[PDB]
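This report refers to the structure that appears directly beneath it.
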4 protein chains.
Amino acid sequence: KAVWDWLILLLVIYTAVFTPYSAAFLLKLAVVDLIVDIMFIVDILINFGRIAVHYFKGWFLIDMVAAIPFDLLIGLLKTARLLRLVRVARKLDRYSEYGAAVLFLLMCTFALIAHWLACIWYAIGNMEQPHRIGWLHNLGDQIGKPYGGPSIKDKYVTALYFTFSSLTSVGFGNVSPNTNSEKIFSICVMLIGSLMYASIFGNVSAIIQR
Amino acid sequence: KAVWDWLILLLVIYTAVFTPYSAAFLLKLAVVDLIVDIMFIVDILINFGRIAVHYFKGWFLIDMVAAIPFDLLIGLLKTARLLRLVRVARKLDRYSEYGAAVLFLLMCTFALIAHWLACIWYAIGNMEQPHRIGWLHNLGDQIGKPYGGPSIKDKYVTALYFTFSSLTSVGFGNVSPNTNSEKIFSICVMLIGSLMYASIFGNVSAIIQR
Amino acid sequence: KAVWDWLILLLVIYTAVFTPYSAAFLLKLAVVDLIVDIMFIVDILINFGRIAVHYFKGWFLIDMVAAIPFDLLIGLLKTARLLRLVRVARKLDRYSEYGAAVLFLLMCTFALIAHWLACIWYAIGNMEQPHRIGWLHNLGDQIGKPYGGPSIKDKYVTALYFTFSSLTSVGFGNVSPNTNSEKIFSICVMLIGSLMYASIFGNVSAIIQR
Amino acid sequence: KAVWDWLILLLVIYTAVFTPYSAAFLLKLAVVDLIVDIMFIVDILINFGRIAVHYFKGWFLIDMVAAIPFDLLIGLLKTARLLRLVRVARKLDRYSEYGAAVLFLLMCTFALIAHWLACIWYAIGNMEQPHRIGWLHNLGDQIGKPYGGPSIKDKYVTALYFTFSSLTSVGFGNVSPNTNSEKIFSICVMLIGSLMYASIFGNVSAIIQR
Ligand SMILES: Cc1cccc(CCN2CCC(C(=O)c3ccc(NS(C)(=O)=O)cc3)CC2)n1
């Protein structure tokens, strides 16, 4: 139990990294998914004898709905496993004792927001690709693989790099929104990044000043 | 009356959004504008026998100027409705108790400043267009609609996206000033955005701690 | 003498604005500059028997060397008039009483640094006359006036706009250094702008609350 | 004694500047670094009979490994002289006594981080070059030196300018990543730049008001 919470935090990080990635990119390893589901089942079993009634009124419903496999496009239902983040949200008391832990958690949240926005950006680009104006076509032209098209690794790296540059307000000019949906998404990302800097990069300075 | 105050704030936000838009874009529904005008007349009616003399020498002239209809250019004279913003600026104390409502108001005023600057940017672009130089011609080339050029949706979205990038200091490089009026406007927006952005988001970071 | 300090401040701002501009751009009105020099001579005269030795011991040398006419590329010596800028520094005792005055003065210093860096940037870009390389040739190509070349208005506005984009860290994309001297100057501008952003726009965030 | 270790700080800055530059750009004079290592041998002799065992227990081995000559990948082993900054890290009491000294040291470490990132960026670009995609090819085609190729001066200046623009979040658009390795390096540099820029310049803004 002493190291169970940090293992669950790592598990939540893994699923937060690889669930939106699998939804956006790979939908078009399984054994690791089965292993992590088994570990979360073990966790919920441990969570349970006069206190089980308290758990039932508490977070039992959310953990149960996030732990039940949905196998019977059914692949979009796997998003429900993103509900495991409530475990980290509710156990913040233990995850706020060390300064290095707080720094690592802040970078984890920053990288996760960038990753989720990258998945959304690729979703938009791939939705609009079939119907020379989108960012995917320009990327393929500028990396020497005209639309075939860029490999999945190239698309993910470009999406993450664009999202990081927009969040950090560098705006490299390599990747620029050109369609109305891309422009509106970029406006939303600019607003999100403004709020995220005002919070996170003030907190980081304040707790480095410690 | 508190519900009435919040309703008046909502209508003031609506007019601050839709009268500069109509002045900049739509010149060359209205029933909602008429309804809002009737609601504002209702507000100036409920505003009022002992206190009537007190208010008559107060803001009443300002409210009257922003309430009279100029339906005898009429379109540019209809911009007098922007004076209703004092109806919100004069009782901001009623909008400073929730704490998070102040954050919402700061986000709203940042978005409103961006929208007004977008309308000014489009006004400059349209006043220069008839005379490959200019943001409208470049936008028409990029978007795939060479100059009748881009639709009003594309023009407004591009203007708002450019203004947001300039205020947030991203500088995407998709749209960039190229004419002397555009360059001077961009210098003014750079100064104004630095000053505002710094003030607004310093306040936002301050209220995040609470 | 009650309002003489503010008038002298306006004259100092004028000379700071217009001496580097004449040194860089116009070298290739006189009456206003002559009137300003006469007014500065009047200023040193009026503020001059027990206290004469006090002035002789103090700022007499700097005030004198910044007031003697240089008439006899000899106009390059007129840049010594920038030593009059120390008068606002030594009268910051009174110029700092009002918060609005402090904010206006901070914006003035920011704009003056941008203007001086614009003059230096144009000077650097104009040293490369003997040599599609350099910001002046790119500027001429962009605005449809290939080298003739752009007018002095276009050159000054473009230099000021590039300097403002660099200092604020927007980097619009039209103007970008392409020569080792330009790149090194841009690195220096980035260092100076980081130093001033840490100073000017932290002090502004402190001042606004005050 | 203070003059001695301030000279040692200057020597440490010299070697931190000139070790990665020689390791990366000149992999294809020795009197200065011979003098520097002789001076550091003199320093290790000064550092040492009662206290000799005290130093032997402590920093003796760290200072010895960074001072032993490596003459006998063979030329790459000289990067071990980059453990010498522990000399200035271990004695921050003197170096941080003055506020102006801390300001100068913060500027120096920011410039050093930019220099190291420039060396890494050039190493990546050079390892990718012999395989219009790389940044070196674009630099050569934009500077007027088609790939021969740009001189070492041009390559170093361009790398340093790109690194400074990325750290300061300008993103000029002249140099932008176009390969997966370059994009990953840029993402990591954006995270690093956010952290170091925020920490360093929060410290700077704390210092200036003092
Ligand atoms: C990082 C980040 C994420 C989201 C929003 C903003 C907006 C506020 N955010 C403050 C730091 C600024 C900054 O880092 C900077 C400003 C001016 C500079 N001028 S200069 C000549 O390049 O040194 C350099 C850096 C950039 C804007 N930010």
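Residues are named by chain letter and number: chains run A, B, ... in the order of the structure tokens, numbers start at 1 in each chain, and ligands are numbered from 1 in the order shown.
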Taking only C-alpha atoms and all ligand atoms into account, list the residues no farther than 6 Å from ligand 1, as a PyMOL selection string. (chain A and resi 167-169+193-194+197) or (chain B and resi 168) or (chain C and resi 166-169+189-191+193-194+197) or (chain D and resi 168-170)
Would you save the residues of that selection, restricted to N, CA and C atoms, as a PDB file, in the first residue's frame?
```pdb
ATOM      1  N   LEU A 167       1.285  26.254 -27.653  1.00  0.00           N
ATOM      2  CA  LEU A 167       1.124  26.394 -26.209  1.00  0.00           C
ATOM      3  C   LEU A 167       2.189  27.305 -25.617  1.00  0.00           C
ATOM      4  N   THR A 168       3.438  27.141 -26.045  1.00  0.00           N
ATOM      5  CA  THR A 168       4.547  27.949 -25.559  1.00  0.00           C
ATOM      6  C   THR A 168       4.686  29.266 -26.307  1.00  0.00           C
ATOM      7  N   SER A 169       3.829  29.514 -27.295  1.00  0.00           N
ATOM      8  CA  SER A 169       3.774  30.785 -28.011  1.00  0.00           C
ATOM      9  C   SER A 169       5.046  31.045 -28.809  1.00  0.00           C
ATOM     10  N   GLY A 193      -3.725  27.870 -23.777  1.00  0.00           N
ATOM     11  CA  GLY A 193      -2.336  28.079 -23.422  1.00  0.00           C
ATOM     12  C   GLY A 193      -2.125  29.332 -22.599  1.00  0.00           C
ATOM     13  N   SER A 194      -2.905  30.381 -22.863  1.00  0.00           N
ATOM     14  CA  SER A 194      -2.812  31.581 -22.039  1.00  0.00           C
ATOM     15  C   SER A 194      -3.166  31.270 -20.592  1.00  0.00           C
ATOM     16  N   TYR A 197      -0.421  28.936 -19.059  1.00  0.00           N
ATOM     17  CA  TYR A 197       0.805  29.645 -18.617  1.00  0.00           C
ATOM     18  C   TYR A 197       0.502  30.434 -17.352  1.00  0.00           C
TER      19      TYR A 197
ATOM     20  N   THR B 168      -1.537  37.340 -28.092  1.00  0.00           N
ATOM     21  CA  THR B 168      -0.872  36.292 -27.330  1.00  0.00           C
ATOM     22  C   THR B 168       0.590  36.117 -27.714  1.00  0.00           C
TER      23      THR B 168
ATOM     24  N   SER C 166      10.299  41.882 -32.533  1.00  0.00           N
ATOM     25  CA  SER C 166      11.379  41.191 -31.839  1.00  0.00           C
ATOM     26  C   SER C 166      11.302  41.411 -30.334  1.00  0.00           C
ATOM     27  N   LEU C 167      11.163  42.668 -29.903  1.00  0.00           N
ATOM     28  CA  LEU C 167      11.170  42.969 -28.474  1.00  0.00           C
ATOM     29  C   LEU C 167       9.997  42.316 -27.758  1.00  0.00           C
ATOM     30  N   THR C 168       8.812  42.363 -28.360  1.00  0.00           N
ATOM     31  CA  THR C 168       7.631  41.728 -27.796  1.00  0.00           C
ATOM     32  C   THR C 168       7.632  40.219 -28.008  1.00  0.00           C
ATOM     33  N   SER C 169       8.494  39.720 -28.898  1.00  0.00           N
ATOM     34  CA  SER C 169       8.632  38.295 -29.192  1.00  0.00           C
ATOM     35  C   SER C 169       7.395  37.748 -29.896  1.00  0.00           C
ATOM     36  N   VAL C 189      19.399  42.054 -29.578  1.00  0.00           N
ATOM     37  CA  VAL C 189      18.063  42.593 -29.350  1.00  0.00           C
ATOM     38  C   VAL C 189      17.246  41.643 -28.491  1.00  0.00           C
ATOM     39  N   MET C 190      17.386  40.337 -28.719  1.00  0.00           N
ATOM     40  CA  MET C 190      16.662  39.364 -27.909  1.00  0.00           C
ATOM     41  C   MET C 190      17.112  39.409 -26.456  1.00  0.00           C
ATOM     42  N   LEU C 191      18.419  39.527 -26.225  1.00  0.00           N
ATOM     43  CA  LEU C 191      18.917  39.634 -24.854  1.00  0.00           C
ATOM     44  C   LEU C 191      18.391  40.898 -24.175  1.00  0.00           C
ATOM     45  N   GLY C 193      15.741  42.645 -24.956  1.00  0.00           N
ATOM     46  CA  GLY C 193      14.306  42.561 -24.776  1.00  0.00           C
ATOM     47  C   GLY C 193      13.912  41.648 -23.636  1.00  0.00           C
ATOM     48  N   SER C 194      14.645  40.550 -23.442  1.00  0.00           N
ATOM     49  CA  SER C 194      14.394  39.710 -22.274  1.00  0.00           C
ATOM     50  C   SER C 194      14.665  40.477 -20.988  1.00  0.00           C
ATOM     51  N   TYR C 197      11.813  43.084 -20.641  1.00  0.00           N
ATOM     52  CA  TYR C 197      10.547  42.427 -20.347  1.00  0.00           C
ATOM     53  C   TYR C 197      10.497  41.979 -18.897  1.00  0.00           C
TER      54      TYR C 197
ATOM     55  N   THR D 168      13.658  32.200 -26.266  1.00  0.00           N
ATOM     56  CA  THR D 168      12.926  33.423 -25.970  1.00  0.00           C
ATOM     57  C   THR D 168      11.524  33.428 -26.556  1.00  0.00           C
ATOM     58  N   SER D 169      11.142  32.372 -27.273  1.00  0.00           N
ATOM     59  CA  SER D 169       9.801  32.220 -27.832  1.00  0.00           C
ATOM     60  C   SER D 169       9.488  33.325 -28.835  1.00  0.00           C
ATOM     61  N   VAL D 170      10.440  33.591 -29.719  1.00  0.00           N
ATOM     62  CA  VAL D 170      10.217  34.472 -30.853  1.00  0.00           C
ATOM     63  C   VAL D 170       9.839  33.682 -32.095  1.00  0.00           C
TER      64      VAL D 170
END
```
Can you pull out the residues contacting residue 117 of chain A? Cut-off 9 Å, using only C-alpha atoms, and skip same-chain residues under 6 positions away; I want them as a PDB file with N, CA and C atoms, in the first residue's frame.
```pdb
ATOM      1  N   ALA A 159       2.342  16.886 -35.074  1.00  0.00           N
ATOM      2  CA  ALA A 159       1.215  17.382 -34.291  1.00  0.00           C
ATOM      3  C   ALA A 159       1.655  17.811 -32.901  1.00  0.00           C
ATOM      4  N   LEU A 160       2.474  16.994 -32.237  1.00  0.00           N
ATOM      5  CA  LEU A 160       2.951  17.348 -30.904  1.00  0.00           C
ATOM      6  C   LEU A 160       3.823  18.593 -30.946  1.00  0.00           C
ATOM      7  N   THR A 163       1.584  21.635 -31.433  1.00  0.00           N
ATOM      8  CA  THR A 163       0.832  21.928 -30.221  1.00  0.00           C
ATOM      9  C   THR A 163       1.724  22.544 -29.155  1.00  0.00           C
ATOM     10  N   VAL A 189      -6.827  26.848 -28.684  1.00  0.00           N
ATOM     11  CA  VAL A 189      -5.551  26.434 -28.109  1.00  0.00           C
ATOM     12  C   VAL A 189      -4.786  27.638 -27.575  1.00  0.00           C
TER      13      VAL A 189
END
```
Pick from B:26, B:36, B:107, B:83, whichever lies nearest to residue 156 of chain B using only C-alpha atoms: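 Of the candidates, the smallest distance to residue 156 of chain B is held by B:26.
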Run DSSP on the backbone and grab whatever in segment 174-207 of chain C lands in helix (DSSP H, G or I); send it over as a PyMOL selection string. chain C and resi 180-207
Rounded to one decimal place, report the atom CA of residue 87 of chain A-atom CA of residue 108 of chain A distance in Å.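 Taking atom CA of residue 87 of chain A and atom CA of residue 108 of chain A, their separation equals 15.4 Å.
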Exercise: residue 66 of chain A partners within 10 Å, only C-alpha atoms, chain neighbours under 6 positions left out, as a list in words: residues 37, 40, 60, 78, 79, 80, 81, 82, 83, 84, 85 and 86 of chain A
With 12 Å as the cut-off and only C-alpha atoms counted, what is the closest atom pair between each nearby residue of chain B and chain A? Distances in Å to one decimal, ordered by chain and number, as a Markdown table.
```
| residue | atom | partner | partner_atom | distance |
| --- | --- | --- | --- | --- |
| B:103 | CA | A:195 | CA | 10.0 |
| B:104 | CA | A:195 | CA | 11.3 |
| B:106 | CA | A:195 | CA | 10.9 |
| B:107 | CA | A:191 | CA | 8.6 |
| B:108 | CA | A:191 | CA | 11.0 |
| B:110 | CA | A:191 | CA | 9.6 |
| B:111 | CA | A:191 | CA | 9.0 |
| B:114 | CA | A:187 | CA | 10.7 |
| B:115 | CA | A:187 | CA | 11.8 |
| B:138 | CA | A:178 | CA | 11.7 |
| B:139 | CA | A:178 | CA | 9.1 |
| B:140 | CA | A:178 | CA | 11.0 |
| B:141 | CA | A:178 | CA | 10.9 |
| B:142 | CA | A:178 | CA | 7.3 |
| B:143 | CA | A:178 | CA | 6.6 |
| B:144 | CA | A:133 | CA | 7.7 |
| B:145 | CA | A:133 | CA | 11.3 |
| B:150 | CA | A:180 | CA | 11.4 |
| B:151 | CA | A:180 | CA | 11.1 |
| B:152 | CA | A:180 | CA | 11.6 |
| B:153 | CA | A:180 | CA | 8.3 |
| B:154 | CA | A:180 | CA | 6.6 |
| B:155 | CA | A:180 | CA | 9.8 |
| B:156 | CA | A:180 | CA | 10.0 |
| B:157 | CA | A:180 | CA | 6.8 |
| B:158 | CA | A:183 | CA | 7.2 |
| B:159 | CA | A:183 | CA | 10.1 |
| B:160 | CA | A:187 | CA | 8.1 |
| B:161 | CA | A:187 | CA | 5.9 |
| B:162 | CA | A:187 | CA | 9.1 |
| B:163 | CA | A:187 | CA | 9.7 |
| B:164 | CA | A:187 | CA | 6.7 |
| B:165 | CA | A:190 | CA | 7.4 |
| B:166 | CA | A:169 | CA | 10.3 |
| B:167 | CA | A:190 | CA | 9.9 |
| B:168 | CA | A:190 | CA | 7.2 |
| B:169 | CA | A:169 | CA | 6.3 |
| B:170 | CA | A:169 | CA | 4.5 |
| B:171 | CA | A:171 | CA | 5.9 |
| B:172 | CA | A:171 | CA | 5.0 |
| B:173 | CA | A:173 | CA | 5.3 |
| B:174 | CA | A:176 | CA | 5.9 |
| B:175 | CA | A:176 | CA | 9.4 |
| B:176 | CA | A:173 | CA | 11.2 |
| B:197 | CA | A:194 | CA | 9.6 |
| B:198 | CA | A:198 | CA | 10.2 |
| B:199 | CA | A:198 | CA | 11.6 |
| B:200 | CA | A:198 | CA | 10.1 |
| B:201 | CA | A:198 | CA | 6.4 |
| B:202 | CA | A:198 | CA | 7.6 |
| B:203 | CA | A:198 | CA | 9.4 |
| B:204 | CA | A:198 | CA | 6.9 |
| B:205 | CA | A:198 | CA | 5.3 |
| B:206 | CA | A:198 | CA | 9.1 |
| B:207 | CA | A:199 | CA | 9.8 |
| B:208 | CA | A:199 | CA | 6.8 |
| B:209 | CA | A:199 | CA | 8.6 |
| B:210 | CA | A:199 | CA | 11.7 |
```
Keeping C-alpha atoms, export the residues of the selection given above as a PDB file, in the first residue's frame.
```
ATOM      1  CA  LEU B 103     -11.944  35.079 -14.066  1.00  0.00           C
ATOM      2  CA  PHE B 104     -14.830  34.628 -16.488  1.00  0.00           C
ATOM      3  CA  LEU B 106     -11.376  38.711 -17.561  1.00  0.00           C
ATOM      4  CA  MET B 107     -11.581  35.999 -20.222  1.00  0.00           C
ATOM      5  CA  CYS B 108     -14.642  37.730 -21.683  1.00  0.00           C
ATOM      6  CA  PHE B 110      -9.847  39.646 -23.446  1.00  0.00           C
ATOM      7  CA  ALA B 111     -12.041  37.989 -26.078  1.00  0.00           C
ATOM      8  CA  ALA B 114      -9.604  40.636 -29.602  1.00  0.00           C
ATOM      9  CA  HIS B 115     -12.964  40.866 -31.392  1.00  0.00           C
ATOM     10  CA  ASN B 138      -3.122  36.831 -49.335  1.00  0.00           C
ATOM     11  CA  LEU B 139      -5.968  35.168 -47.431  1.00  0.00           C
ATOM     12  CA  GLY B 140      -7.855  34.632 -50.673  1.00  0.00           C
ATOM     13  CA  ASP B 141      -4.759  33.043 -52.186  1.00  0.00           C
ATOM     14  CA  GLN B 142      -4.087  30.776 -49.193  1.00  0.00           C
ATOM     15  CA  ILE B 143      -7.678  29.677 -48.542  1.00  0.00           C
ATOM     16  CA  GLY B 144      -8.127  28.599 -52.161  1.00  0.00           C
ATOM     17  CA  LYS B 145     -10.564  31.381 -53.121  1.00  0.00           C
ATOM     18  CA  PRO B 150     -13.233  34.739 -49.188  1.00  0.00           C
ATOM     19  CA  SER B 151     -16.636  34.435 -47.587  1.00  0.00           C
ATOM     20  CA  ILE B 152     -17.538  36.541 -44.560  1.00  0.00           C
ATOM     21  CA  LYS B 153     -17.049  33.508 -42.324  1.00  0.00           C
ATOM     22  CA  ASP B 154     -13.485  33.036 -43.578  1.00  0.00           C
ATOM     23  CA  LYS B 155     -12.699  36.752 -43.296  1.00  0.00           C
ATOM     24  CA  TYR B 156     -13.948  37.053 -39.722  1.00  0.00           C
ATOM     25  CA  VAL B 157     -12.275  33.816 -38.616  1.00  0.00           C
ATOM     26  CA  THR B 158      -8.962  34.866 -40.168  1.00  0.00           C
ATOM     27  CA  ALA B 159      -9.144  38.321 -38.579  1.00  0.00           C
ATOM     28  CA  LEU B 160      -9.958  36.917 -35.140  1.00  0.00           C
ATOM     29  CA  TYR B 161      -7.190  34.316 -35.433  1.00  0.00           C
ATOM     30  CA  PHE B 162      -4.602  36.923 -36.454  1.00  0.00           C
ATOM     31  CA  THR B 163      -5.640  39.265 -33.651  1.00  0.00           C
ATOM     32  CA  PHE B 164      -5.485  36.474 -31.077  1.00  0.00           C
ATOM     33  CA  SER B 165      -2.011  35.452 -32.264  1.00  0.00           C
ATOM     34  CA  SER B 166      -0.806  39.060 -32.116  1.00  0.00           C
ATOM     35  CA  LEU B 167      -2.208  39.626 -28.621  1.00  0.00           C
ATOM     36  CA  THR B 168      -0.872  36.292 -27.330  1.00  0.00           C
ATOM     37  CA  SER B 169       2.460  36.859 -29.133  1.00  0.00           C
ATOM     38  CA  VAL B 170       2.479  33.673 -31.188  1.00  0.00           C
ATOM     39  CA  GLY B 171       2.901  35.205 -34.638  1.00  0.00           C
ATOM     40  CA  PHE B 172       1.918  32.180 -36.685  1.00  0.00           C
ATOM     41  CA  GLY B 173       3.281  33.592 -39.935  1.00  0.00           C
ATOM     42  CA  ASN B 174       0.189  32.561 -41.885  1.00  0.00           C
ATOM     43  CA  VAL B 175      -1.117  36.153 -41.860  1.00  0.00           C
ATOM     44  CA  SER B 176       1.273  39.053 -41.334  1.00  0.00           C
ATOM     45  CA  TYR B 197      -2.092  41.122 -21.589  1.00  0.00           C
ATOM     46  CA  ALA B 198       0.408  41.869 -18.828  1.00  0.00           C
ATOM     47  CA  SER B 199      -2.211  43.587 -16.647  1.00  0.00           C
ATOM     48  CA  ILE B 200      -5.063  41.154 -17.295  1.00  0.00           C
ATOM     49  CA  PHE B 201      -3.049  37.976 -16.869  1.00  0.00           C
ATOM     50  CA  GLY B 202      -1.140  39.279 -13.871  1.00  0.00           C
ATOM     51  CA  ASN B 203      -4.571  39.755 -12.319  1.00  0.00           C
ATOM     52  CA  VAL B 204      -5.603  36.281 -13.515  1.00  0.00           C
ATOM     53  CA  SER B 205      -2.536  34.698 -11.918  1.00  0.00           C
ATOM     54  CA  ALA B 206      -3.229  36.695  -8.753  1.00  0.00           C
ATOM     55  CA  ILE B 207      -6.811  35.431  -8.499  1.00  0.00           C
ATOM     56  CA  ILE B 208      -5.787  31.864  -9.360  1.00  0.00           C
ATOM     57  CA  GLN B 209      -4.003  31.654  -6.000  1.00  0.00           C
ATOM     58  CA  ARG B 210      -7.278  32.420  -4.207  1.00  0.00           C
TER      59      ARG B 210
END
```
Within 10 Å of residue 94 of chain C using only C-alpha atoms, minus same-chain residues under 6 positions, as a list in words: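 The filter keeps residues 5, 6, 88 and 101 of chain C.
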